[PDB]
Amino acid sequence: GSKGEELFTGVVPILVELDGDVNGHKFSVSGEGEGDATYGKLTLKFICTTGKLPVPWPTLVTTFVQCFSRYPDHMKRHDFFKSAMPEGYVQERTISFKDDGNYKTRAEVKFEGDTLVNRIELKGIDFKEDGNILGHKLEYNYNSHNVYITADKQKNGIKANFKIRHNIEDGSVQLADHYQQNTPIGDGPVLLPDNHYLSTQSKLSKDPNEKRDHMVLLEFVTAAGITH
């Protein structure tokens, strides 16, 4: 358990800000919503503020706050994300789309007042102009995944490896290979975890009254993989 954990015992407002650049196409996204870590529950709405999003919304779901995961009581000593709070952590990823381009992301996740903020810069290169991504061939939905977490003692943080499965309209599934590293922003002690995983499930939807390009996200994340 940690002092950081005490900041998540109720409903927490969330802001998400992303600046992106994919094959030179520049875009910005703002998101708002809230998280309730007691139930591993996230509710977020994202709006593309620069017009039409040049990549499919599902490809950005993992980039758009694992501190809202529900860690079962017997596992709470393994919750790095909340222990890094309020000072926060940096989350870096490489995301490799099978036989297409890749995203590189850097995010800072921290409290600003009572708000959990995720500020992201994203760089995408080597995408095929009529591939699944720039050609918008992904179904608008999202699969359930298990994300394995392990300690990275030398960076006083964690790392994760996982594959995201994106449904493709023609019936195939395209894998997005995620390599992730998280390191605390502050200098204080953090909880470093034994090996475990996060079990995720996400539902994507639309706001019928919204005229801008957007995504509504409902997500549940639960930690598992450690016996009690």
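All residue numbers are counted from 1 along the displayed sequence.
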| item | value |
| --- | --- |
| Unresolved deposited residues in the interval that joins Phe162 and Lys163 | none |
| Residue range whose averaged C-alpha B-factor is higher in the record, 134-142 or 75-83 | 134-142 |
| Of 173-181 and 27-35, the stretch whose C-alpha atoms average the higher B-factor in the entry | 173-181 |
| Selection from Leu53, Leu198, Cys67, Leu191 [criterion: highest C-alpha temperature factor in the record] | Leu191 |
| Residue selected from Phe111, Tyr103, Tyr148, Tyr89 by maximal Cα B factor | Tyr103 |
| Assigned third (lowest, middle, highest) for the C-alpha B factor of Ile168 | highest |
| Ranked against its chain, the third holding the CA B-factor of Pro13 | lowest |
| Chain-relative CA temperature factor third for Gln154 | highest |
| Within-chain third of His214 by Cα B-factor, per the entry | lowest |
| Chain-wide C-alpha B factor ranking for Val117, given as lowest, middle or highest third | lowest |
